[PDB]
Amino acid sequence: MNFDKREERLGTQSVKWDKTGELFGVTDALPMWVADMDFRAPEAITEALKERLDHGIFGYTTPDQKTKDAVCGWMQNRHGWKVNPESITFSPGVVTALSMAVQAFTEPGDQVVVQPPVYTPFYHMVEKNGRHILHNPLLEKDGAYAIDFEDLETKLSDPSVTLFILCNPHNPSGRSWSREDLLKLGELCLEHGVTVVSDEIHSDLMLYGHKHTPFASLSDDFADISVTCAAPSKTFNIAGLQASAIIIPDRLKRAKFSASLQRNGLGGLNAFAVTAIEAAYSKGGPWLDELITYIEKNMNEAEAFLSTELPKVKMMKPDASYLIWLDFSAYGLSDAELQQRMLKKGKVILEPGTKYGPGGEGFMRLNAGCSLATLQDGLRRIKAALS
């Protein structure tokens, strides 16, 4: 493949490139914010979409035995994890699945534990459904995030806590939790009667031979209290297609999740979604393995550059994915001022760290899912941003 190839994305109705005016107040800044890549989907996906377009009929389209086998086959090949086809419910996206899972496995007024800072919709899919966020803040220990197990046990044992949403890899930072972290979390959740939603959407994008451990893979018991959200969207840059496989080995939990879909008038995938998730999990491998190497070399360049040129900026090197959580605390600036210096003076758009709630103060997130050249330009824009 050829990730250095320069793409024009202006005028493609791209949220990342075309909605900067609406969302940031600038038209002339390099977009490096929302988590989508600047790359063409693999040819293995587009071949098969063009094939679906050629048939020319776009009526009611359903996933089938071969769609499920591509999901199962992929999880066994990439992650060593056995999934029965029957475990899989499709969804138009993982944020939808987060919402459905909240509605299915908790009551109005329950508490849901998350580990902040974290992906913003975790807050929204709990708060907007009249459930309550209880935070288990992560600890910064040695330029990497660690889980605080003493706080978690205190939080998980309150009787109104019925759900825990795990982000693994964690967004932001790209932290890949250890087997032992998951085992400790799992046992606490069994003990305290807490269903686990595992958001594993970044889990294919593992850097430097970091190993992903799907929570549900660890025991029967874990499998029976888990809802794993997986998707080709981050892995193959096809968020645009609204395709998710949600894995729920417990029949009763699956039926409750399905019921939430039915109630809200959902359960269909669009016809392109159905082609895309079969092609992606069938023939995506080789392209992913070239993307990892490409992202590794992008991450080595950002680390090289910041530690040399910007020594007050502290970069968490991610274990996975193409998003870099960056610490600008040392500059003593408001989040309001940091962002204006990036927007007006560097001409670059990063995600402001306050988006991710407590612990996001003084950080911003940088989308390194672009050609080396675009990354080098953006790094220079961050330096420029700071006098």
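Start at 1 with the first residue shown and count on from there.
- Set 281-289 against 168-176 and average the Cα temperature factors; 281-289 ends up higher.
- As listed in the deposited structure, the average C-alpha B-factor of 304-312 and of 106-114 is greater for 304-312.
- The residue among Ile324, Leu49, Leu343, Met37 whose C-alpha carries the highest B-factor in the deposited model is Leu343.
- Between the residues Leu350, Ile45, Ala336, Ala320, it is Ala336 that shows the highest Cα B-factor in the PDB record.
- The entry lists a Cα temperature factor for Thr12 that places it in the highest third of the chain's modelled residues.
- In this PDB entry, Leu152 carries a Cα temperature factor that places it within the highest third of its chain's modelled residues.
- When the modelled residues of the chain are ordered by their C-alpha B factor, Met364 lands in the lowest third.
- Among all modelled residues in this chain, the alpha-carbon of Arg263 has a temperature factor (C-alpha) in the middle third.
- In the PDB entry, a CA B factor belonging to the highest third of its chain's modelled residues is recorded for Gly209.
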